[PDB]
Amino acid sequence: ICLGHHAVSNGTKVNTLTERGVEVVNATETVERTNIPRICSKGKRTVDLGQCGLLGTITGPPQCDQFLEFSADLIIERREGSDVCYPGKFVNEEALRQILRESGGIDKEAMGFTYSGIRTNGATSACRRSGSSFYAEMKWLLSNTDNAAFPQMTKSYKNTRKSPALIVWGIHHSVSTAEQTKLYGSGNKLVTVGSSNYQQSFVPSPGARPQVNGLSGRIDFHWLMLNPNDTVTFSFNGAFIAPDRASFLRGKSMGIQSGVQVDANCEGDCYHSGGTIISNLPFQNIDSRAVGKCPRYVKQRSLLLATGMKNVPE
């Protein structure tokens, strides 16, 4: 009586501790190369920001009007998105983005500032609604008449909630030192801000910038997180963009950046710009910046795991 093992005409080559390209009976892949070029979002509350930039949801340019109080498990940023209508930017912007990406969405709350002896309805052709408008959640505070002085004002807001309040204000940098005076009067304009946690202050910087949206003025956007029962004071004398509403975070979410479509027919937890990595495999060679719950990124294109014995044909 004779015994033996099976074999095949064509084996699969694998690598071992000692040998390179030994043929085994059967093998199976261990590195995922297959991408699905869509954002598989089946079962998830998804918000596709489109033209609305993430940071814009807090301030309110027209493109963000339908996103002022969104709610999501999954937040998608798009290259076409913009945080701004009137030219400007956020100081410490990416920190804020990371916060908003996992906020699970936002909830808005009037801070209840009232004004006495100034203007309040600043607008621009960059923010198009009716006609000229402004940031929905903000207020452009002027001086009552086409020149004037600005009264050193002091507003305060207490966070009456059990969660930290996202406070955002703005600083306006006019084209000229002339323009600055036509809006808030002459002089050195000062904005000071404090909490039980925060210590800072701001002065404007009038001067000509490149024309963006048609304008050479800019707006500095600044932000801080007010802890429960802590209070924020705004000491200022012009060039000030005031928060109307404060923001509160809803819970928990994931934020990605993508150029592909949403698909509610496929499910996945591993996302990158080009789509979704659906896989059971422990590794992937698709995108090292993939986020969510992913197989480990590796450099190798392929790593075959032996699922059978050495293949020995006659």
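Start at 1 with the first residue shown and count on from there.
Judged by mean Cα B factor in the deposited record, 234-242 ranks above the other of 87-95 and 234-242. Taking the mean C-alpha B-factor of each stretch as recorded, 272-280 and 42-50 are not equal, and the higher mean is that of 272-280. Of the candidates 82, 71, 133, 229, the PDB record gives 229 the highest C-alpha temperature factor.
When the C-alpha B-factors of 138, 165, 106, 153 are read from the PDB record, the largest value belongs to 153.
Residue 78: CA B factor in the lowest third of modelled residues in this chain (values from the PDB entry). Ranked by Cα temperature factor within the chain, residue 171 sits in the middle third according to the deposited record.
Residue 292: CA B factor in the lowest third of modelled residues in this chain (values from the PDB entry).
The PDB entry assigns residue 190 a C-alpha temperature factor belonging to the highest third of its chain's modelled residues. Ranked within its chain, residue 101 lands in the lowest third, by CA B factor from the PDB record.
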